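As structure tokens, the structure follows; a few thoughts come after it.
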RNA sequence: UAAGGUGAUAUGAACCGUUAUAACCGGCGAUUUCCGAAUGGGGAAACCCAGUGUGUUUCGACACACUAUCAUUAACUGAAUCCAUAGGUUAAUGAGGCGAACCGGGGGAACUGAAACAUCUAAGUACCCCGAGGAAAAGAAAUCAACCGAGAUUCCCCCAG
RNA sequence: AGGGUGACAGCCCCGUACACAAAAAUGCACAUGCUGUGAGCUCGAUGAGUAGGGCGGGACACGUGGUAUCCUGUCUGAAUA
RNA sequence: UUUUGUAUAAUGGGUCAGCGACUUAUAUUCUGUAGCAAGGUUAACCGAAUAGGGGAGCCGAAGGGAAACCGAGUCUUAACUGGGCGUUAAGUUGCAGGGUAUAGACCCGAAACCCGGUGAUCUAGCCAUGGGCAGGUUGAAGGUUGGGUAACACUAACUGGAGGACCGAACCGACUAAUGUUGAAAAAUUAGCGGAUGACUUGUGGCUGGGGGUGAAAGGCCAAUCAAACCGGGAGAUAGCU
RNA sequence: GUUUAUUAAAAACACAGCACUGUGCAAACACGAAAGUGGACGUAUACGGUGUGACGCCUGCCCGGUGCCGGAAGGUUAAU
RNA sequence: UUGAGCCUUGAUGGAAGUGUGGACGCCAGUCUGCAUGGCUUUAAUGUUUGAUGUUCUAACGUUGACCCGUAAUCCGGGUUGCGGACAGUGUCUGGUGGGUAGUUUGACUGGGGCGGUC
RNA sequence: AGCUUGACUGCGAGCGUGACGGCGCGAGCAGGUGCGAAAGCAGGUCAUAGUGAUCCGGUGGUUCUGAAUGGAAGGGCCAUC
Ligand SMILES: [Mg+2]
Ligand SMILES: [Mg+2]
Ligand SMILES: [Mg+2]
Ligand SMILES: [Mg+2]
Ligand SMILES: [Mg+2]
Ligand SMILES: [Mg+2]
Ligand SMILES: [Mg+2]
Ligand SMILES: [Mg+2]
Ligand SMILES: [Mg+2]
Ligand SMILES: [Mg+2]
Ligand SMILES: [Mg+2]
Ligand SMILES: [Mg+2]
Ligand SMILES: [Mg+2]
Ligand SMILES: [Mg+2]
Ligand SMILES: [Mg+2]
Ligand SMILES: [Mg+2]
Ligand SMILES: [Mg+2]
Ligand SMILES: [Mg+2]
Ligand SMILES: [Mg+2]
Ligand SMILES: [Mg+2]
Ligand SMILES: [Mg+2]
Ligand SMILES: [Mg+2]
Ligand SMILES: [Mg+2]
Ligand SMILES: [Mg+2]
Ligand SMILES: [Mg+2]
Ligand SMILES: [Mg+2]
Ligand SMILES: [Mg+2]
Ligand SMILES: [Mg+2]
Ligand SMILES: [Mg+2]
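Chains as they are written, first to last, in full-length UniProt numbering: chain A, 1 to 149; chain B, 2 to 78.
Put into structure tokens, the structure is as follows:
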């Protein structure tokens with residue numbers, strides 16, 4: 001009586017791991033009460049075909065837009081800027097919709113402040129390349145050209 | 002009728018054989034139990050009079066395959 | 001098929017026949033009370049008592065048919081529990097009981113023999129029980145052989161007391 | 001062959017050897033029809049709570065013996081040309 | 001017949017007639033006989049059927065040794081002067097017979113053991129439902145009233161109507177005696193006898209079944225029988241006995 | 001009162017009463033491979049077993065043996 | 001909780017001063033950690049593996065109550081309650097076991113038995 | 001009393017005595033030994049009691065056997081319990 005699991009399960013559980021349990025516990029609780037299933041071999045592929053068509057399938061189905069920054073490896077046209085101030089230095093800040101203004105016509109159009117650098121956002125030269133939130137892993141690269149008027 | 006619904010196991014006959022090697026008629030008879038199996042396929046408790054082993058066979062072949070027999074054999078369940 | 005016939009004890013009676021419906025024989029049909037598996041219920045077998053449909057220039061009532069149980073199927077229904085299952089009625093098919101031996105299986109003695117007696121024998125005999133056929137059962141190698149080969153089962157003679 | 005006829009019958013009677021016969025119902029054969037029914041080729045697949053094992057019994061001529069082989073009440077349990 | 005021995009006063013037989021006990025099958029040996037003879041003979045089966053086929057096989061012509069093996073020899077032992085068993089006599093197949101073996105094995109006969117059925121119409125116990133007990137006694141509790149006590153106690157009449165209570169028919173039983181004892185009867189009659197409102201008696205019907213029932217317990221009763229019923233079967237049990 | 005129906009009716013059996021002992025109820029016990037059932041529609045002032053056998057006055061000593069009751073050390077000890 | 005193994009972080013194989021529990025400590029040491037201040041002898045976890053004990057439910061018991069099949073003291077399904085991996089049953093096993101069973105329990109013998117003998 | 005192990009191993013003409021199973025006596029032959037200078041003597045004790053068939057099983061020896069073959073298990077033979 002090996003059986004493979006469904007939900008979690010106390011001292012063995014794991015959504016589908018390979019356990020070997022006392023027969024009783026199974027035919028008396030686990031199964032007929034949806035929590036396990038006989039390791040009928042027919043099944044050890046029926047639930048391994050997932051361990052492959054998933055943990056190495058949909059974990060690769062993630063990689064189809066590398067860095068997401070594909071052909072944007074040469075910066076983007078500077079439509080406007082992101083502001084300035086302090087007669088030489090910097091003074092103005094990025095409203096909850098103002099890092100787009102420059103890269104405001106490239107990829108797709110949005111408007112949210114998934115802030116990444118919890119600082120007073122340094123006030124100097126202008127053009128910088130950090131990362132910003134493009135996803136739960138990758139990044140991106142562009143610059144920032146000010147406006148002289 | 003001491004008879005295992007899944008494996009036909011009835012009681013059998015034999016001797017006892019002492020040290021003096023004395024024949025005495027007797028019976029061997031099944032470890033039967035009648036157990037409440039949950040089916041799901043039927044949302045019900047079919048409860049067969051089963052011998053351990055018959056148990057082991059349900060645990061292997063599968064209740065749906067066992068009740069498949071019987072049905073196909075004439076038996077109640 | 002026919003010139004004689006109506007079985008016997010068993011005559012007699014009243015009749016039937018003789019060239020084709022006398023009788024006799026044979027093939028197929030009809031009729032087939034009651035009791036009996038017995039099956040509408042019951043029951044001290046051959047009796048008692050029903051329900052539902054019918055039916056009468058006298059449509060009271062009394063005659064005629066169906067109504068057992070079980071299983072497979074189907075239709076219509078239908079609980080605790082709303083679905084569903086269980087249950088319920090109806091219908092179509094089948095079964096039921098009887099009987100020689102032979103046969104397959106379930107179970108299975110003892111006297112006896114061993115010059116007592118327990119292992120052993122009598123014996124898987126007697127007997128009980130279930131099932132089937134014209135036969136049953138077995139059967140087309142996870143068989144034997146023995147370095148050559150054989151080629152299912154069943155039966156017979158040897159092997160061999 | 002046999003039986004019967006007032007005693008022992010080839011030739012008296014019934015038979016016997018032999019040769020013939022059925023409107024019907026059936027049996028078995030064939031030759032056909034009906035409902036079925038599947039045929040041949042190629043590519044596959046090749047019988048698990050099973051075989052084996054402990055324990056207890058029972059079958060094998062074999063009475064556990066040094067005991068292969070078979071069935072299985074009980075507990076277990078493989079390989080896969 | 002049985003016996004050391006039987007007229008024996010030990011057995012059996014009233015007499016007649018009929019019936020009534022060493023058989024059959026298969027093996028195996030021997031004798032007799034017949035064929036063939038170092039050979040003899042086939043079984044199943046085939047069949048042109050008492051022929052003919054079929055020689056599978058069986059016995060015999062070679063033993064010795066536990067055996068491997070050797071072989072008219074072999075074995076024993078390191079080997080035997082030797083010793084044991086063998087080499088020197090023909091077999092085999094029918095047929096009849098004598099024995100034996102396996103079978104009922106010359107015939108009849110147990111008490112019993114085992115299996116399956118049939119029996120509580122007799123009887124024991126119990127369950128349901130019904131009947132029965134002439135007549136005559138004794139006279140418990142309780143009650144009333146008197147007397148009585150300070151009151152209860154106590155006490156006298158009455159009243160009442162208990163009881164495995166008394167005597168005695170029916171009914172149930174069966175203690176003594178005589179008769180009967182090829183009876184009137186397979187437990188009776190007769191004179192006497194115990195119970196007789198109860199743990200009574202009885203009718204109908206029902207339940208319990210054989211190593212079981214039932215039993216106020218005698219091993220008693222369970223269809224004229226019971227230290228294990230009756231019927232059928234194993235079964236021709238076995239019988240070193242008559 | 002019962003009893004050997006049918007050679008024994010008694011001093012035998014029973015008997016009220018007495019004790020010992022088991023039983024908490026799905027009782028113990030008993031019929032029965034079981035199911036089912038009696039005990040009991042009862043429940044320890046009940047139910048079973050054994051012995052004694054109205055009542056009166058009484059019922060002493062012995063626990064080695066046998067039987068039975070209890071004992072969570074040790075010794076010996078089955079399958080496994 | 002507990003007997004034993006493995007995996008580990010602390011024992012045998014960013015300095016000096018103002019400060020602490022346990023100790024085979026060669027008999028008089030020094031440690032093993034506690035604060036700071038410009039493959040083999042040792043303790044806890046994660047565990048793997050058996051023993052013991054509490055409890056749990058969800059097998060299994062229910063000769064409690066209720067619902068339906070059902071005008072039903074069977075049964076079955078369902079709900080609830082109590083119990084609960086106990087009880088019980090199958091196989092194996094040691095003990096008991098005249099309750100039942102099958103038997104045995106010699107011969108000689110101036111009858112048998114006793115004695116004696118073989 | 002000295003030296004010793006003949007209380008040897010294989011056999012045995014030929015006798016006794018038993019229904020039998022069996023027991024018993026035995027010169028002598030071979031191998032090998034002790035005692036004796038030698039002839040010679042010793043295959044237990046002056047003789048006659050001092051015992052237990054067969055089965056099963058144990059132990060030592062031994063290719064004799066050994067189920068396809070090689071082995072082994074078991075069996076035989078000898079010795080012994
Ligand atoms: Mg009728
Ligand atoms: Mg009827
Ligand atoms: Mg006997
Ligand atoms: Mg005998
Ligand atoms: Mg057939
Ligand atoms: Mg080949
Ligand atoms: Mg295959
Ligand atoms: Mg005399
Ligand atoms: Mg004279
Ligand atoms: Mg005389
Ligand atoms: Mg005279
Ligand atoms: Mg005569
Ligand atoms: Mg009566
Ligand atoms: Mg009176
Ligand atoms: Mg009187
Ligand atoms: Mg009188
Ligand atoms: Mg007596
Ligand atoms: Mg009688
Ligand atoms: Mg009889
Ligand atoms: Mg017989
Ligand atoms: Mg009296
Ligand atoms: Mg009498
Ligand atoms: Mg009398
Ligand atoms: Mg009492
Ligand atoms: Mg007394
Ligand atoms: Mg007294
Ligand atoms: Mg006393
Ligand atoms: Mg006895
Ligand atoms: Mg004698």
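Idealized CB from N, CA, C, for every residue including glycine.
C-beta contact flag for residue i and residue j at 9 Å
i	j	result
residue 94 of chain A	residue 121 of chain A	yes
residue 27 of chain B	residue 15 of chain B	yes
residue 35 of chain A	residue 6 of chain A	yes
residue 82 of chain A	residue 102 of chain A	yes
residue 100 of chain A	residue 87 of chain A	no
residue 81 of chain B	residue 27 of chain A	Limits of chain B in this structure are 2 at one end and 78 at the other, which puts residue 81 of chain B out of reach.
residue 13 of chain A	residue 51 of chain A	no
residue 71 of chain B	residue 62 of chain B	no
residue 84 of chain A	residue 147 of chain A	yes
residue 48 of chain B	residue 57 of chain B	no
residue 13 of chain B	residue 29 of chain B	yes
residue 8 of chain B	residue 55 of chain B	yes
Rounded straight-line distance, which links the Cα of residue j to that of residue i
i	j	result
residue 124 of chain A	residue 90 of chain A	6 Å
residue 25 of chain B	residue 31 of chain B	20 Å
residue 134 of chain A	residue 113 of chain A	12 Å
residue 115 of chain A	residue 129 of chain A	15 Å
residue 10 of chain B	residue 10 of chain A	38 Å
residue 73 of chain A	residue 8 of chain A	44 Å
residue 23 of chain A	residue 6 of chain B	20 Å
residue 117 of chain A	residue 126 of chain A	16 Å
residue 139 of chain A	residue 75 of chain A	13 Å
residue 37 of chain A	residue 20 of chain B	49 Å
residue 40 of chain A	residue 31 of chain A	13 Å
residue 145 of chain A	residue 71 of chain A	20 Å
Beta-bridge pairing of residue i - partner residues as DSSP gives them
i	result
residue 71 of chain B	BP columns for residue 71 of chain B are empty, so no partner.
residue 15 of chain B	B/27
residue 47 of chain B	B/38
residue 33 of chain B	B/52
residue 18 of chain A	A/4
residue 37 of chain A	A/4
Closest Cα partner of residue i within the set the options
i	options	result
residue 33 of chain A	B/33, B/34 and B/39	B/39
residue 68 of chain A	A/19, A/136, A/92 and A/111	A/136
residue 96 of chain A	A/111, A/107, A/105 and A/104	A/111
residue 45 of chain B	B/68, B/34 and B/23	B/68
residue 165 of chain A	A/119, A/45 and A/77	Here chain A has residues from 1 to 149 only, and residue 165 of chain A is not among them.
residue 45 of chain A	A/3, A/25 and A/21	A/3
Review point. Listed from N- to C-terminal order along the chain, which residues in the region 32-66 of chain A have their beta-carbon within a distance smaller than 9 Å of any beta-carbon of chain B?
Key: Result list: 32, 33, 34, 38 and 40.
Check your understanding: Which of the residues in the region 54-76 of chain B, read from start to end, lie with their CB under 9 Å from any CB of chain A?
Key -> Here the close residues are 56, 57, 59, 60, 61, 63 and 64.
**Study point:** Within 8 Å of chain A by C-beta, residues of the region 35-48 of chain B in sequence order
**Key:** Those would be 38, 39, 40 and 41, in chain order.
Point to revise | Cβ-based contacts, 8 Å cut-off: residues of the region 8-28 of chain A near chain B | key: Flagged, chain order: 23, 26 and 27.
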